[PDB]
Amino acid sequence: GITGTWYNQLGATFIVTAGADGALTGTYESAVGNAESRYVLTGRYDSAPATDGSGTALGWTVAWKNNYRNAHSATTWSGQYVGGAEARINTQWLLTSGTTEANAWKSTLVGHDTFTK
Amino acid sequence: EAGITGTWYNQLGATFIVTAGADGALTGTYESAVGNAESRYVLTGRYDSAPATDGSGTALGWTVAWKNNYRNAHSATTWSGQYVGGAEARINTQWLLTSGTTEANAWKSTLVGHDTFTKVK
Amino acid sequence: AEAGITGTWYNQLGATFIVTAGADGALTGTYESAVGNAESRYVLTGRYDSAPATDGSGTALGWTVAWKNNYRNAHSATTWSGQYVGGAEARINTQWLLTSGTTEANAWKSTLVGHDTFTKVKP
Amino acid sequence: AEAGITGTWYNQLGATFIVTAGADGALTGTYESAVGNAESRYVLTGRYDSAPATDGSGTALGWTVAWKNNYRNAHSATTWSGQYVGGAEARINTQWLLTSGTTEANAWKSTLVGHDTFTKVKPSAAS
Ligand SMILES: O=C(O)CCCC[C@@H]1SC[C@@H]2NC(=O)N[C@@H]21
Ligand SMILES: O=C(O)CCCC[C@@H]1SC[C@@H]2NC(=O)N[C@@H]21
Ligand SMILES: O=C(O)CCCC[C@@H]1SC[C@@H]2NC(=O)N[C@@H]21
Ligand SMILES: O=C(O)CCCC[C@@H]1SC[C@@H]2NC(=O)N[C@@H]21
């Protein structure tokens with residue numbers, strides 16, 4: 001149910017394949033911030049979830065370097081896939097930029113993204 | 001390689017074994033001493049393979065889904081942070097732990113915290 | 001629509017937030033949750049920017065509830081941090097942290113995080 | 001209210017946190033930051049659990065600063081959420097959210113997250 005092409009409330013394009021082992025692999029493209037064109041992603045998901053109506057746990061990471069640009073930063077998304085006639089992936093995320101140790105207290109942004117097919 | 005590649009330990013007694021590839025990949029295993037977890041779990045992630053040379057740390061992140069051959073907690077953690085080199089190198093992080101829940105219980109699905117890793121001991 | 005932070009507000013979880021914004025920056029009022037280890041109303045206090053920018057920016061604010069009243073005590077506290085938007089509708093967008101008291105061995109799992117959006121028109 | 005949470009507290013970033021805990025559950029006082037767009041003292045208010053568990057658990061609490069005083073305005077607010085742990089090495093252990101006001105287009109980057117630990121013993125340094 002997870003494999004396919006997804007979009008969020010910020011105009012992003014999330015392309016991902018879920019392997020039978022628990023792997024997540026694919027590409028991320030952001031419409032905002034210090035970013036252009038596509039970026040590599042990798043993560044993990046629960047391949048035998050509970051059967052009681054609970055969602056399926058997952059996560060993935062992007063490091064914001066590619067052939068066109070390097071922002072010296074990385075985002076991780078943590079959340080759950082909820083199946084159904086209108087499938088969704090609901091997340092919260094942490095964006096850390098590299099800093100001097102004197103600026104380390106302001107290194108990390110927090111937010112939330114919702115994805116649909 | 002040297003630097004991030006190695007065996008790391010946090011303040012909760014975890015053992016984090018990782019390899020950093022020249023292509024920006026992180027690969028390895030994670031063992032937790034706390035929570036609904038037993039033995040080792042697979043991890044994967046990414047890092048900046050060309051950091052700034054102005055004294056800044058190196059940005060990185062990784063994910064564990066808590067299922068292996070011993071048990072399954074129906075959950076996953078992501079760690080987001082930076083690597084700082086030198087005589088007392090560290091990896092400094094914040095994390096999000098999401099558990100699978102019904103819709104009505106989604107407001108209490110996610111724990112947040114902070115872990116510091118060192119290569120000593 | 002009715003402008004101003006002072007008023008009666010509802011979130012996407014069934015909660016009610018009743019607040020007054022004072023001229024010096026203070027927030028005072030009550031909070032009622034429809035989920036968790038809670039019943040009836042609880043005291044809150046907080047702060048807001050009483051002279052915000054006017055370049056399209058929202059108004060920054062925050063408040064705290066400790067989950068003890070005359071009916072129940074959950075031994076926990078939540079803080080909400082966010083901004084009053086000030087666009088075409090009355091809306092406040094927030095992120096929150098809920099910490100429960102724990103022993104030291106359980107402190108790693110002490111804190112939940114999430115996001116609530118509040119509107120004067122019940123959603 | 002005269003001891004415990006009440007007192008002068010210091011964190012790992014050089015801040016000074018001066019607070020009084022009332023019998024009624026209230027927190028009142030001043031906060032001074034040594035980093036960021038901030039100068040001199042700011043007003044704070046918050047709440048704590050005035051009847052905590054007796055099994056050895058910490059005391060739950062939270063407070064807010066809006067970063068406006070007579071000297072400057074950063075158009076932002078921070079909330080700290082955490083617990084008080086008493087003893088010879090008493091601490092207040094916290095996680096925090098700092099929201100800046102932004103346009104609707106930039107709302108995705110409005111909020112910083114971190115963690116502060118406070119002690120009643122003033123750090124040594126430096127002159
Ligand atoms: O600015 C950077 O350092 C890199 C681009 C960051 C984009 C962020 S990741 C979280 C959020 N969701 C998106 O689709 N874009 C932003
Ligand atoms: O209980 C679970 O659902 C799985 C085990 C969670 C262990 C967490 S991950 C964050 C923190 N750091 C650790 O080393 N262990 C805990
Ligand atoms: O169970 C508790 O410890 C006390 C009640 C907590 C309810 C939380 S506060 C964050 C979220 N928003 C709501 O309106 N309710 C929940
Ligand atoms: O830059 C601003 O907008 C206001 C100053 C923010 C300072 C922060 S609050 C969290 C952290 N702890 C401190 O003692 N200082 C910083």
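Chain A is the first sequence line, chain B the second, and so forth, proteins listed ahead of strands; every chain is numbered from 1. Every number for a ligand or one of its atoms is a count from 1 in the order of the listing.
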Worksheet item: If we only count heavy atoms from C-beta on, is the B:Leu12 to C:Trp108 side-chain gap below 4.5 Å?
Response: yes
Fill in: Check: B:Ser75 side chain, B:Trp66 main-chain N or O, donor-acceptor pair, under 3.5 Å
no
Item to complete: Give the atoms of ligand 2, by number and element, whose distance to some non-hydrogen atom of B:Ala14 is under 4.0 Å.
Response: 14 (O)
Worksheet entry | Under 4.0 Å to a heavy atom of B:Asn36 - the qualifying atoms of ligand 2, by number | 1 (O), 2 (C), 4 (C)
Fill in: B:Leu97 neighbourhood, listing ligand 2 atoms whose heavy-atom distance to it stays under 4.0 Å
6 (C)
Practice prompt. Measure C:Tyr31 to ligand 3 on non-hydrogen atoms and call it side chain, backbone, both or neither using the 4.0 Å cut-off.
Written response: side chain
Item to complete: May I ask you to decide whether C:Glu32 forms a salt bridge with C:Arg41, counting only side-chain N to carboxylate O separations under 4.0 Å?
Response: no
Worksheet item: Do any nitrogen or oxygen atoms of B:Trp95 come within less than 3.5 Å of a nitrogen or oxygen of ligand 2?
Response: no
Fill in: Which atom of B:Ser80 lies closest to which atom of A:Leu94, heavy atoms considered
OG-O, 3.1 Å
Discussion item. Strictly distance-based, threshold 3.5 Å: is any side-chain N or O of D:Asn106 a donor or acceptor partner for the main-chain N or O of D:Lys109?
Written reply: no
Discussion item. Test your reading of the model: is there a side-chain donor-acceptor pair from A:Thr91 to the backbone of A:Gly79, 3.5 Å cut-off?
Written reply: no
Practice prompt. Among all protein heavy atoms, pick out the one at the shortest distance from atom 9 (S) of ligand 2; state its residue, atom name and that distance to 0.1 Å.
Written response: B:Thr77 OG1, 3.4 Å
Practice prompt. Output the list of atoms in ligand 4 that are nearer than 4.0 Å to some heavy atom of D:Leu13, sorted by atom number.
Written response: 11 (C), 12 (N), 13 (C)
Worksheet item: B:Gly35 heavy atoms, cut-off 4.0 Å: which ligand 2 atoms fall inside?
Response: 1 (O)
Fill in: Residue, atom name and distance, where the atom is the protein heavy atom closest to atom 8 (C) of ligand 3
B:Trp107 CZ3, 3.9 Å
Discussion item. Side chain, backbone, both or neither: which applies to D:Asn11 and ligand 4 if a contact is any heavy-atom pair less than 4.0 Å apart?
Written reply: side chain
Response to the item:
For D:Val35, the ligand 4 atoms with a heavy-atom partner under 4.0 Å come out as 7 (C), 15 (N), 16 (C)
Item to complete: For B:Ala73, counting its heavy atoms only, list the atoms of ligand 2 lying under 4.0 Å from any of them.
Response: 3 (O)
Discussion item. Is it the case that the side chain of C:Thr64 and the backbone of D:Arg47 share a donor-acceptor pair, with hydrogens and angles ignored and the cut-off at 3.5 Å?
Written reply: no
Worksheet entry | Within-shell test, B:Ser32 vs ligand 2, heavy atom, strictly < 4.0 Å | yes
Worksheet item: Could an N or O of ligand 3 be found under 3.5 Å from any N or O of C:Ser76, whether backbone or side chain?
Response: yes
Item to complete: Pick one of side chain, backbone, both or neither for how C:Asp116 approaches ligand 3, counting any non-hydrogen atom pair under 4.0 Å.
Response: side chain
Worksheet item: Are B:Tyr47 and B:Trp62 an aromatic pair by the rule of ring centers under 6.0 Å?
Response: no
Practice prompt. Using distance alone, with no hydrogens and no angle criterion, decide if C:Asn93 and C:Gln83 have a side-chain donor and acceptor under 3.5 Å apart.
Written response: no
Discussion item. Test of understanding: given a 4.0 Å heavy-atom threshold, classify the contact between D:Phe17 and ligand 4 as side chain, backbone, both, or neither.
Written reply: neither
Worksheet item: Can the ring centres of B:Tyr30 and B:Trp8 be said to be less than 6.0 Å apart?
Response: no
